[PDB]
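Report on one structure; see the data block that follows.
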Amino acid sequence: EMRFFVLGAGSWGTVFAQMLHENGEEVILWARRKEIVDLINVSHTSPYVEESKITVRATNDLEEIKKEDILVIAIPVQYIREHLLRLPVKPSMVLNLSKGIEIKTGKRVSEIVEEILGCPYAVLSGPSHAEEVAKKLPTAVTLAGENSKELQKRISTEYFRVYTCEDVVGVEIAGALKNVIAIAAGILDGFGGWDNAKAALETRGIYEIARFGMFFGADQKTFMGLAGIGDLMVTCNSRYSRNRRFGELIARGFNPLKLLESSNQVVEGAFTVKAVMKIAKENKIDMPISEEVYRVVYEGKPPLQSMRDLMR
Amino acid sequence: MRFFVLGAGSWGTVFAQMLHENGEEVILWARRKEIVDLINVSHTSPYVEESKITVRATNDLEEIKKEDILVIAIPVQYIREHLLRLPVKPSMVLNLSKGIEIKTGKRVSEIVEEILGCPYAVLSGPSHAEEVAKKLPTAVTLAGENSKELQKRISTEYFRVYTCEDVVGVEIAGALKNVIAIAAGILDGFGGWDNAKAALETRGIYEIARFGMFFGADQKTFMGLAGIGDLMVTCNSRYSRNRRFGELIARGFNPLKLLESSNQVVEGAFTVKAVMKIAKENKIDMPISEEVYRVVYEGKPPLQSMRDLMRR
Ligand SMILES: NC(=O)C1=CN([C@@H]2O[C@H](COP(=O)(O)OP(=O)(O)OC[C@H]3O[C@@H](n4cnc5c(N)ncnc54)[C@H](OP(=O)(O)O)[C@@H]3O)[C@@H](O)[C@H]2O)C=CC1
Ligand SMILES: NC(=O)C1=CN([C@@H]2O[C@H](COP(=O)(O)OP(=O)(O)OC[C@H]3O[C@@H](n4cnc5c(N)ncnc54)[C@H](OP(=O)(O)O)[C@@H]3O)[C@@H](O)[C@H]2O)C=CC1
Ligand SMILES: O=C[C@@H](O)COP(=O)(O)O
Ligand SMILES: O=P(O)(O)OC[C@@H](O)CO
């Protein structure tokens with residue numbers, strides 16, 4: 001009946017594809033580079049997944065996608081558009097895994113998909129660090145959108161629980177913006193771990209996020225579930241979070257741009273915050289935390305002056 | 001208007017000192033003449049590291065006056081036996097303690113109403129005493145009588161007080177977050193299951209809110225500093241005693257020997273029992289609290305408990 005074409009072989013694309021493959025689903029994983037395809041197919045390893053055998057089949061050919069495929073998007077948001085534009089056919093639907101907002105257009109992934117493919121859309125999002133999912137540690141996420149019931153059945157495992165909801169916009173916005181807050185949370189860790197401060201930041205942060213989402217018609221309840229508060233918590237408080245780590249290193253004195261070029265992994269919040277600021281200015285929505293993360297990341301604002309400013 | 005701070009543990013001592021350092025008239029009562037003399041003579045306390053305590057200490061409840069603000073900072077199971085010994089009734093109580101009395105099933109507000117019968121406010125939020133002593137950014141909420149006035153006197157540049165109307169919600173949120181934090185700590189003792197913890201905390205805030213709304217709490221309270229904020233700092237911070245307790249039980253230590261190993265009080269250990277009685281009497285379902293009770297009081301293996309809670 002059905003096949004998953006997983007687009008993007010980073011940490012999460014690879015782990016998700018492998019999980020689906022282990023569920024007994026028909027899966028193929030697309031990787032950008034032939035070297036990654038080769039490592040997966042030949043040596044059943046990926047540099048994106050530590051100590052985990054990768055047995056799912058990889059390809060470098062987009063021409064392998066079929067009109068009956070479920071396209072799973074696991075490409076970092078700023079690179080989704082160029083890759084969808086090169087698909088030789090439209091898939092039967094899109095399941096999005098990526099968290100962010102496209103900088104130039106202010107578009108959520110659903111909207112990019114709508115513009116380019118126009119096929120049914122769903123989004124999976126929750127507290128799900130790929131490192132822990134690969135180790136089969138208990139994880140729960142939410143799924144919103146079309147065909148969510150069937151998708152729930154095929155994706156779920158013993159350790160990976162999928163709850164469905166109806167608020168696509170809310171799920172997309174919560175997952176995108178929690179990375180921005182997490183940067184701000186890492187800064188506090190970079191100061192030494194100011195736990196009272198972080199929890200207060202997280203509290204005000206979920207609220208800032210909910211205000212942005214509700215302005216685009218999200219449901220307030222979405223922000224109090226796994227896609228909102230859950231994901232925010234796992235991201236602000238885990239050693240596995242790239243966004244929290246990015247903030248932590250900025251606080252330690254590392255140059256933000258240099259940090260970005262130091263990894264092959266993407267820090268989505270560094271990009272989303274710029275998209276969020278453009279939207280906020282155009283629609284006159286106040287985003288205090290996002291505005292400070294923007295200043296620290298892009299305008300070289302001293303993290304400590306940022307901290308003090310945000311307090312008043 | 002004088003603050004009479006009843007109880008010289010970690011938080012009574014720090015709160016008392018902070019008010020004193022901000023120019024308020026304060027006196028601190030300590031149960032033991034040894035602690036009183038350390039504070040008055042050596043300007044130190046074993047409940048507050050590397051920090052000079054200059055606030056005046058007394059061992060005499062006779063020093064309280066009808067014009068005082070009675071600030072309660074005695075762990076909840078021991079408040080009553082001390083309030084019964086007050087020679088006079090204070091103008092009001094500000095309560096700092098987080099829990100529910102086992103003997104009766106009563107909140108601190110209901111203990112104060114029964115024994116003293118004066119006005120009441122509660123201060124609660126993400127405020128680990130260790131960090132407040134170090135003057136690190138901290139935010140809490142205050143509900144109840146004279147909150148506006150108390151806000152003006154208590155607030156510092158690093159200790160921010162927000163007021164709200166919901167005394168019941170604030171008390172239940174602060175009492176019960178400690179029960180969820182034992183559960184959260186257990187996941188740290190298995191090795192750190194971050195995705196699971198986040199899912200636990202998302203379910204946990206909802207279990208807390210359900211219990212509170214049964215007693216006429218406001219839903220919004222649980223999404224603020226008293227609710228999610230305090231839950232987050234307690235589940236995730238190295239300073240949490242309740243998180244540490246759970247971590248140590250997951251590592252195989254005996255719950256009672258853990259409690260006896262320290263002069264500090266693990267309020268969640270006692271609050272869970274009071275919760276269970278209330279829940280059984282009122283047919284309120286409390287999945288997480290129930291498993292915490294079983295692990296702490298009934299020797300239930302933490303891994304079996306984890307497995308069972310997942311089936312709920
Ligand atoms: N724990 C996690 O890692 C989680 C991630 N997510 C989300 O999944 C999405 C994908 O990120 P994730 O899987 O972590 O990716 P990683 O951070 O692990 O790696 C970044 C990926 O971007 C790829 N890429 C594709 N096209 C380009 C290009 N044009 N320029 C630069 N890089 C490109 C890289 O490929 P190459 O190897 O060829 O450089 C690599 O696969 C993100 O939106 C993320 O937020 C969601 C949940 C969990
Ligand atoms: N970071 C923190 O510690 C925070 C604590 N809280 C709350 O403050 C309240 C007070 O706890 P905290 O300051 O932490 O106390 P600690 O855990 O630091 O110490 C325990 C206290 O219990 C005292 N105690 C007083 N009377 C009795 C008695 N009747 N029988 C047995 N022990 C007694 C001990 O006195 P002695 O020294 O004589 O043994 C000691 O002062 C709690 O409800 C707690 O939840 C709130 C915010 C921050
Ligand atoms: O705000 C956190 C305080 O209640 C301290 O928590 P704890 O008793 O678990 O140390
Ligand atoms: O590593 P991060 O900060 O990209 O976070 C991964 C998350 O999306 C987990 O929910």
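By order in the structure tokens, chains are A, B, ...; within a chain, residues start at 1; ligands start at 1, following the order shown.
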I'd like the neighbourhood of residue 126 (chain A) as a PyMOL selection string, where a residue qualifies if any of its atoms comes within 9 Å (using only C-alpha atoms), though same-chain residues fewer than 5 positions away should be ignored. (chain A and resi 139-143+171+175+225-228+230-232+234) or (chain B and resi 195+199)
Export N, CA and C atoms of the chosen residues as a PDB file, in the first residue's frame?
ATOM      1  N   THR A 139       9.830   8.243  24.389  1.00  0.00           N
ATOM      2  CA  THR A 139       9.646   9.488  23.694  1.00  0.00           C
ATOM      3  C   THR A 139       8.154   9.588  23.338  1.00  0.00           C
ATOM      4  N   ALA A 140       7.597  10.782  23.452  1.00  0.00           N
ATOM      5  CA  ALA A 140       6.224  11.034  23.001  1.00  0.00           C
ATOM      6  C   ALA A 140       6.257  12.282  22.141  1.00  0.00           C
ATOM      7  N   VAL A 141       5.547  12.252  21.016  1.00  0.00           N
ATOM      8  CA  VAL A 141       5.423  13.441  20.171  1.00  0.00           C
ATOM      9  C   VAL A 141       3.966  13.602  19.757  1.00  0.00           C
ATOM     10  N   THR A 142       3.670  14.765  19.182  1.00  0.00           N
ATOM     11  CA  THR A 142       2.361  14.998  18.576  1.00  0.00           C
ATOM     12  C   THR A 142       2.445  15.000  17.059  1.00  0.00           C
ATOM     13  N   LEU A 143       1.329  14.687  16.427  1.00  0.00           N
ATOM     14  CA  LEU A 143       1.198  14.720  14.992  1.00  0.00           C
ATOM     15  C   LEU A 143      -0.098  15.449  14.591  1.00  0.00           C
ATOM     16  N   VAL A 171       1.366  23.736  16.086  1.00  0.00           N
ATOM     17  CA  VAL A 171       2.501  22.768  16.160  1.00  0.00           C
ATOM     18  C   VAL A 171       3.760  23.247  15.430  1.00  0.00           C
ATOM     19  N   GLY A 175       7.171  24.384  17.546  1.00  0.00           N
ATOM     20  CA  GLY A 175       8.416  23.689  17.235  1.00  0.00           C
ATOM     21  C   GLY A 175       9.444  24.646  16.651  1.00  0.00           C
ATOM     22  N   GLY A 225       0.889  21.507  25.451  1.00  0.00           N
ATOM     23  CA  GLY A 225       1.080  20.087  25.180  1.00  0.00           C
ATOM     24  C   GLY A 225       2.507  19.807  24.786  1.00  0.00           C
ATOM     25  N   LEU A 226       2.724  18.611  24.258  1.00  0.00           N
ATOM     26  CA  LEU A 226       4.040  18.125  23.880  1.00  0.00           C
ATOM     27  C   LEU A 226       4.750  18.953  22.828  1.00  0.00           C
ATOM     28  N   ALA A 227       3.994  19.521  21.887  1.00  0.00           N
ATOM     29  CA  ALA A 227       4.567  20.334  20.813  1.00  0.00           C
ATOM     30  C   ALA A 227       5.075  21.681  21.322  1.00  0.00           C
ATOM     31  N   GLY A 228       4.513  22.149  22.427  1.00  0.00           N
ATOM     32  CA  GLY A 228       4.847  23.434  22.991  1.00  0.00           C
ATOM     33  C   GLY A 228       5.723  23.271  24.200  1.00  0.00           C
ATOM     34  N   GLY A 230       6.360  20.797  26.241  1.00  0.00           N
ATOM     35  CA  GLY A 230       7.225  19.616  26.235  1.00  0.00           C
ATOM     36  C   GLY A 230       8.517  19.795  25.469  1.00  0.00           C
ATOM     37  N   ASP A 231       8.397  20.183  24.206  1.00  0.00           N
ATOM     38  CA  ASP A 231       9.528  20.398  23.332  1.00  0.00           C
ATOM     39  C   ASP A 231      10.385  21.520  23.868  1.00  0.00           C
ATOM     40  N   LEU A 232       9.761  22.579  24.348  1.00  0.00           N
ATOM     41  CA  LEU A 232      10.548  23.674  24.949  1.00  0.00           C
ATOM     42  C   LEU A 232      11.445  23.174  26.094  1.00  0.00           C
ATOM     43  N   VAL A 234      12.403  19.920  26.837  1.00  0.00           N
ATOM     44  CA  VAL A 234      13.489  19.033  26.405  1.00  0.00           C
ATOM     45  C   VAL A 234      14.625  19.805  25.708  1.00  0.00           C
TER      46      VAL A 234
ATOM     47  N   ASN B 195      14.012  13.017  26.862  1.00  0.00           N
ATOM     48  CA  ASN B 195      12.735  12.989  26.143  1.00  0.00           C
ATOM     49  C   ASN B 195      11.625  12.518  27.097  1.00  0.00           C
ATOM     50  N   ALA B 199       8.181  14.617  28.609  1.00  0.00           N
ATOM     51  CA  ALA B 199       6.850  14.027  28.493  1.00  0.00           C
ATOM     52  C   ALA B 199       6.203  13.900  29.859  1.00  0.00           C
TER      53      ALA B 199
END
Tell me as a VMD selection string which residues belonging to chain B come within 8 Å of chain A, counting only C-alpha atoms. chain B and resid 126 to 128 131 136 to 139 193 to 199 201 to 202 223 to 225 228 to 230 232 to 233 236 to 237
What does the file look like for those residues with C-alpha atoms, as a PDB file, in the first residue's frame?
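Saved file again22.pdb follows:
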ATOM      1  CA  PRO B 126      10.938  28.867  40.826  1.00  0.00           C
ATOM      2  CA  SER B 127      13.234  29.973  43.694  1.00  0.00           C
ATOM      3  CA  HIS B 128      15.956  27.626  44.835  1.00  0.00           C
ATOM      4  CA  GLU B 131      20.599  30.760  43.931  1.00  0.00           C
ATOM      5  CA  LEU B 136      20.928  35.363  40.808  1.00  0.00           C
ATOM      6  CA  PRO B 137      17.798  36.394  38.783  1.00  0.00           C
ATOM      7  CA  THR B 138      14.690  34.776  40.250  1.00  0.00           C
ATOM      8  CA  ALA B 139      10.903  35.366  39.676  1.00  0.00           C
ATOM      9  CA  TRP B 193      16.106  10.103  29.883  1.00  0.00           C
ATOM     10  CA  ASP B 194      15.522  13.695  28.670  1.00  0.00           C
ATOM     11  CA  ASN B 195      12.735  12.989  26.143  1.00  0.00           C
ATOM     12  CA  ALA B 196      10.917  10.969  28.853  1.00  0.00           C
ATOM     13  CA  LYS B 197      11.386  13.660  31.429  1.00  0.00           C
ATOM     14  CA  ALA B 198       9.884  16.301  29.198  1.00  0.00           C
ATOM     15  CA  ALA B 199       6.850  14.027  28.493  1.00  0.00           C
ATOM     16  CA  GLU B 201       6.606  17.114  32.978  1.00  0.00           C
ATOM     17  CA  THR B 202       3.954  17.820  30.342  1.00  0.00           C
ATOM     18  CA  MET B 223       0.870  27.942  33.230  1.00  0.00           C
ATOM     19  CA  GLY B 224       2.588  30.621  35.296  1.00  0.00           C
ATOM     20  CA  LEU B 225       5.575  30.783  37.639  1.00  0.00           C
ATOM     21  CA  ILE B 228       5.081  25.194  35.166  1.00  0.00           C
ATOM     22  CA  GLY B 229       7.879  27.539  36.233  1.00  0.00           C
ATOM     23  CA  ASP B 230       8.416  25.903  39.625  1.00  0.00           C
ATOM     24  CA  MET B 232      10.654  23.112  35.611  1.00  0.00           C
ATOM     25  CA  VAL B 233      13.222  24.431  38.094  1.00  0.00           C
ATOM     26  CA  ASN B 236      15.787  19.989  36.142  1.00  0.00           C
ATOM     27  CA  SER B 237      18.045  21.616  38.767  1.00  0.00           C
TER      28      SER B 237
END
Nearby residues (only C-alpha atoms) at most 9 Å from residue 297 (chain A), same-chain spacing under 6 positions excluded, as a PyMOL selection string: chain A and resi 247+250+255-257+270
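Excluding residue 179 (chain B) itself and any same-chain residue fewer than 4 positions from it, the protein and nucleic acid residues within 9 Å of it, counting only C-alpha atoms, are residues 175, 183, 184, 242, 267, 268, 269, 270, 271, 272, 288, 289, 292 and 293 of chain B.
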Save out the residues we just selected, N, CA and C atoms, as an mmCIF file, in the first residue's frame.
data_model
loop_
_atom_site.group_PDB
_atom_site.id
_atom_site.type_symbol
_atom_site.label_atom_id
_atom_site.label_comp_id
_atom_site.auth_asym_id
_atom_site.auth_seq_id
_atom_site.Cartn_x
_atom_site.Cartn_y
_atom_site.Cartn_z
ATOM 1 N N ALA B 175 2.980 22.706 46.235
ATOM 2 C CA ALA B 175 2.991 21.412 46.957
ATOM 3 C C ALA B 175 3.231 20.236 46.029
ATOM 4 N N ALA B 183 9.543 11.838 40.637
ATOM 5 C CA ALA B 183 9.422 11.054 39.423
ATOM 6 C C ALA B 183 10.439 11.483 38.374
ATOM 7 N N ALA B 184 10.658 12.779 38.257
ATOM 8 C CA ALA B 184 11.593 13.290 37.281
ATOM 9 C C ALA B 184 12.976 12.872 37.655
ATOM 10 N N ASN B 242 14.037 17.164 46.059
ATOM 11 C CA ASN B 242 13.048 16.218 45.612
ATOM 12 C C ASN B 242 13.532 15.467 44.372
ATOM 13 N N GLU B 267 10.046 17.532 50.790
ATOM 14 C CA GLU B 267 8.654 17.777 51.042
ATOM 15 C C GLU B 267 7.794 16.860 50.209
ATOM 16 N N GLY B 268 8.242 16.511 48.992
ATOM 17 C CA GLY B 268 7.449 15.617 48.135
ATOM 18 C C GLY B 268 7.191 14.219 48.686
ATOM 19 N N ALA B 269 8.111 13.758 49.511
ATOM 20 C CA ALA B 269 7.983 12.507 50.201
ATOM 21 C C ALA B 269 6.788 12.462 51.126
ATOM 22 N N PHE B 270 6.416 13.613 51.686
ATOM 23 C CA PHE B 270 5.319 13.701 52.632
ATOM 24 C C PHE B 270 4.064 14.153 51.935
ATOM 25 N N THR B 271 4.191 15.181 51.097
ATOM 26 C CA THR B 271 3.073 15.629 50.272
ATOM 27 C C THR B 271 2.414 14.497 49.465
ATOM 28 N N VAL B 272 3.174 13.533 48.939
ATOM 29 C CA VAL B 272 2.553 12.495 48.099
ATOM 30 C C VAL B 272 1.519 11.691 48.886
ATOM 31 N N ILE B 288 0.695 9.708 38.198
ATOM 32 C CA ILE B 288 2.097 9.939 38.556
ATOM 33 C C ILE B 288 2.292 9.915 40.072
ATOM 34 N N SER B 289 1.407 10.583 40.804
ATOM 35 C CA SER B 289 1.522 10.679 42.250
ATOM 36 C C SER B 289 1.400 9.297 42.859
ATOM 37 N N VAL B 292 4.607 7.487 42.386
ATOM 38 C CA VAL B 292 5.588 8.015 43.328
ATOM 39 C C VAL B 292 5.340 7.466 44.733
ATOM 40 N N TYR B 293 4.086 7.420 45.178
ATOM 41 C CA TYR B 293 3.769 6.856 46.482
ATOM 42 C C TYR B 293 4.239 5.404 46.599
#
What residues have any atom no more than 6 Å from ligand 2 when counting only C-alpha atoms and all ligand atoms, and can you list them as a ChimeraX atom specification? /B:7-12,31-32,47,73-76,78,96-98,127-129,263-265,267
Restrict the selected residues to C-alpha atoms and save them as an mmCIF file, in the first residue's frame.
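New file part.cif:
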data_model
loop_
_atom_site.group_PDB
_atom_site.id
_atom_site.type_symbol
_atom_site.label_atom_id
_atom_site.label_comp_id
_atom_site.auth_asym_id
_atom_site.auth_seq_id
_atom_site.Cartn_x
_atom_site.Cartn_y
_atom_site.Cartn_z
ATOM 1 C CA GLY B 7 11.977 28.788 60.504
ATOM 2 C CA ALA B 8 15.723 29.005 59.803
ATOM 3 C CA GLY B 9 16.244 26.379 57.144
ATOM 4 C CA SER B 10 17.659 26.995 53.677
ATOM 5 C CA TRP B 11 14.847 29.296 52.579
ATOM 6 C CA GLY B 12 13.750 30.981 55.796
ATOM 7 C CA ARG B 31 13.973 26.074 66.426
ATOM 8 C CA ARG B 32 17.437 25.356 67.933
ATOM 9 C CA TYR B 47 21.778 26.086 55.686
ATOM 10 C CA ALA B 73 9.281 28.790 56.475
ATOM 11 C CA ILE B 74 8.870 25.573 58.436
ATOM 12 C CA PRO B 75 8.349 22.427 56.415
ATOM 13 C CA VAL B 76 4.588 21.746 56.139
ATOM 14 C CA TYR B 78 5.738 20.769 61.289
ATOM 15 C CA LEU B 96 6.774 30.163 51.924
ATOM 16 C CA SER B 97 6.337 26.428 52.578
ATOM 17 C CA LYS B 98 5.262 23.965 49.901
ATOM 18 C CA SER B 127 13.234 29.973 43.694
ATOM 19 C CA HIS B 128 15.956 27.626 44.835
ATOM 20 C CA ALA B 129 17.389 29.225 47.990
ATOM 21 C CA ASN B 263 18.633 17.614 58.255
ATOM 22 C CA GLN B 264 16.935 19.054 55.149
ATOM 23 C CA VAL B 265 13.358 18.020 54.317
ATOM 24 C CA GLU B 267 8.654 17.777 51.042
#
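Residues with any atom within 6 Å of residue 94 (chain B), counting only C-alpha atoms and excluding same-chain neighbours fewer than 5 positions away, are residues 71, 120, 121 and 122 of chain B.
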If you count only C-alpha atoms and all ligand atoms, which residues end up within 9 Å of ligand 1, as JSON, numbers by chain? {"A": [7, 8, 9, 10, 11, 12, 13, 14, 15, 31, 32, 33, 34, 35, 36, 47, 48, 49, 73, 74, 75, 76, 77, 78, 79, 80, 82, 83, 96, 97, 98, 99, 100, 124, 125, 126, 127, 128, 129, 130, 131, 132, 133, 175, 176, 179, 240, 241, 242, 263, 264, 265, 266, 267, 268, 269]}
Shell around residue 309 (chain A) at 12 Å using only C-alpha atoms, local window under 3 positions removed, as a PyMOL selection string: (chain A and resi 288-289+291-293+295-296+301-306+312) or (chain B and resi 157)
Mind dumping the selected residues with N, CA, C and O atoms as a PDB file, in the first residue's frame?
ATOM      1  N   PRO A 288      10.056  40.233  23.003  1.00  0.00           N
ATOM      2  CA  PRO A 288      11.235  40.604  23.801  1.00  0.00           C
ATOM      3  C   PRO A 288      12.400  39.585  23.774  1.00  0.00           C
ATOM      4  O   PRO A 288      13.541  39.959  23.529  1.00  0.00           O
ATOM      5  N   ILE A 289      12.110  38.328  24.055  1.00  0.00           N
ATOM      6  CA  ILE A 289      13.140  37.283  24.126  1.00  0.00           C
ATOM      7  C   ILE A 289      13.731  37.072  22.753  1.00  0.00           C
ATOM      8  O   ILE A 289      14.943  36.949  22.627  1.00  0.00           O
ATOM      9  N   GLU A 291      13.855  39.094  20.311  1.00  0.00           N
ATOM     10  CA  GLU A 291      14.580  40.277  19.925  1.00  0.00           C
ATOM     11  C   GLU A 291      15.984  40.306  20.533  1.00  0.00           C
ATOM     12  O   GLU A 291      16.920  40.752  19.890  1.00  0.00           O
ATOM     13  N   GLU A 292      16.125  39.816  21.764  1.00  0.00           N
ATOM     14  CA  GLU A 292      17.435  39.751  22.428  1.00  0.00           C
ATOM     15  C   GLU A 292      18.305  38.638  21.838  1.00  0.00           C
ATOM     16  O   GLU A 292      19.523  38.796  21.656  1.00  0.00           O
ATOM     17  N   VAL A 293      17.685  37.512  21.529  1.00  0.00           N
ATOM     18  CA  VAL A 293      18.437  36.422  20.909  1.00  0.00           C
ATOM     19  C   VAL A 293      18.938  36.914  19.537  1.00  0.00           C
ATOM     20  O   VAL A 293      20.077  36.719  19.214  1.00  0.00           O
ATOM     21  N   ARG A 295      19.628  40.075  18.668  1.00  0.00           N
ATOM     22  CA  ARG A 295      20.721  41.001  18.944  1.00  0.00           C
ATOM     23  C   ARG A 295      22.007  40.275  19.324  1.00  0.00           C
ATOM     24  O   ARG A 295      23.078  40.617  18.818  1.00  0.00           O
ATOM     25  N   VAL A 296      21.907  39.232  20.149  1.00  0.00           N
ATOM     26  CA  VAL A 296      23.105  38.532  20.606  1.00  0.00           C
ATOM     27  C   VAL A 296      23.744  37.798  19.428  1.00  0.00           C
ATOM     28  O   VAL A 296      24.964  37.855  19.234  1.00  0.00           O
ATOM     29  N   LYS A 301      25.499  41.726  20.516  1.00  0.00           N
ATOM     30  CA  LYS A 301      25.156  42.285  21.806  1.00  0.00           C
ATOM     31  C   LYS A 301      25.762  41.400  22.871  1.00  0.00           C
ATOM     32  O   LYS A 301      25.613  40.200  22.793  1.00  0.00           O
ATOM     33  N   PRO A 302      26.479  41.991  23.840  1.00  0.00           N
ATOM     34  CA  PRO A 302      27.019  41.217  24.962  1.00  0.00           C
ATOM     35  C   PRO A 302      25.922  40.409  25.689  1.00  0.00           C
ATOM     36  O   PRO A 302      24.927  40.976  26.122  1.00  0.00           O
ATOM     37  N   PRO A 303      26.091  39.092  25.815  1.00  0.00           N
ATOM     38  CA  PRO A 303      25.061  38.324  26.506  1.00  0.00           C
ATOM     39  C   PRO A 303      24.611  38.884  27.855  1.00  0.00           C
ATOM     40  O   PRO A 303      23.418  38.897  28.125  1.00  0.00           O
ATOM     41  N   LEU A 304      25.520  39.390  28.679  1.00  0.00           N
ATOM     42  CA  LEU A 304      25.120  39.939  29.987  1.00  0.00           C
ATOM     43  C   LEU A 304      24.290  41.212  29.926  1.00  0.00           C
ATOM     44  O   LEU A 304      23.348  41.358  30.712  1.00  0.00           O
ATOM     45  N   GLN A 305      24.634  42.142  29.034  1.00  0.00           N
ATOM     46  CA  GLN A 305      23.771  43.325  28.840  1.00  0.00           C
ATOM     47  C   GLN A 305      22.398  42.854  28.313  1.00  0.00           C
ATOM     48  O   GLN A 305      21.378  43.374  28.725  1.00  0.00           O
ATOM     49  N   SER A 306      22.373  41.819  27.477  1.00  0.00           N
ATOM     50  CA  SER A 306      21.099  41.274  27.004  1.00  0.00           C
ATOM     51  C   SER A 306      20.240  40.771  28.168  1.00  0.00           C
ATOM     52  O   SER A 306      19.036  41.092  28.284  1.00  0.00           O
ATOM     53  N   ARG A 312      14.039  44.120  32.583  1.00  0.00           N
ATOM     54  CA  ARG A 312      13.293  45.320  32.925  1.00  0.00           C
ATOM     55  C   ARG A 312      12.090  45.593  32.016  1.00  0.00           C
ATOM     56  O   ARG A 312      11.858  44.904  31.021  1.00  0.00           O
TER      57      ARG A 312
ATOM     58  N   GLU B 157      16.178  43.890  42.740  1.00  0.00           N
ATOM     59  CA  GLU B 157      16.579  43.892  41.321  1.00  0.00           C
ATOM     60  C   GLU B 157      16.718  42.461  40.782  1.00  0.00           C
ATOM     61  O   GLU B 157      16.492  42.205  39.608  1.00  0.00           O
TER      62      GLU B 157
END
